[PDB]
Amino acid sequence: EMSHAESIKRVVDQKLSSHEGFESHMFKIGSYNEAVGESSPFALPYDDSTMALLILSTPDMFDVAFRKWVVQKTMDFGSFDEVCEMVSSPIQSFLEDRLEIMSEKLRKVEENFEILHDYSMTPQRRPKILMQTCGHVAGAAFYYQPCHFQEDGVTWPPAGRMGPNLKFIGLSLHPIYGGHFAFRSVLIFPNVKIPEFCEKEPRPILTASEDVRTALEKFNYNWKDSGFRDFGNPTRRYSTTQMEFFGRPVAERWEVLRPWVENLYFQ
């Protein structure tokens, strides 16, 4: 019931705070299953009224919280070069650490929960949960899907513009952050039912279909330049450092962080 659901969300929001770059949004599993299709491979095996929380990161996750974590790890390992050698997966390591701290408190409020990440997969490499769909049904961010922007006798999107095993995918836009955010995790509480809860509708960000199609092209074809993130004209944005980091392949990223821990000062 709903006081308990609110107490659960409160612990999450205490330990994964807005200031450090997290948000949470409540939704019902039934809303997700209705959207993906009740018989789709993505349908989740919980009753319709089961409580879930979507956790997303905002610009300060990287710029503030992760920066603090990298500074500390550098101190712990003794040098930046040592951290780089020993921590191949810094973003996921940071998130795992923060989620464990949260979970230690959350277990005392509701002991039974499952956690699915944006990167979680089955052994067949199917994503376990579709985050943009969660974001839309939870009202967190409007999900712009290519299949919703077709025109009769128009071939859009182009075919064969992207590399192997890549599809032309949709894009969610947040009402504060545009594309300067990411989905991170969903917590599912199988023993907590919230049938009376009504999710808010996601705010429309792009109202003209030609802007949507342009945004989707910028995302699929040009994402390294982060232009897609500025649709909706957000004022709260990823830093330059953060856009450089996520625009690079993982093997080239650590050097972007060197100044955080090796510079006496900045100028």
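We number the residues from 1 along the sequence you see.
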Report summary line: Higher avg CA temperature factor (152-160 vs 192-200, as deposited) belongs to 152-160
Query - Average Cα temperature factor in the PDB entry - higher stretch of 57-65, 228-236 - result: 228-236
Report task. Determine, from the deposited record, the chain-internal third of the Cα B-factor for residue 33: lowest, middle or highest. Result -> middle
Query raised in the report: Which third of the chain holds residue 13 when residues are ordered by C-alpha B factor: lowest, middle or highest?
Result: middle
Query - Cα B factor band for residue 92 (lowest, middle or highest third within the chain) - result: lowest
Report task. Using the B-factor values recorded in the entry, state whether the Cα atom of residue 219 falls in the lowest, middle or highest third among the modelled residues of its chain. Result -> lowest
Query raised in the report: How does residue 113 rank on Cα B-factor within its chain, lowest, middle or highest third?
Result: middle
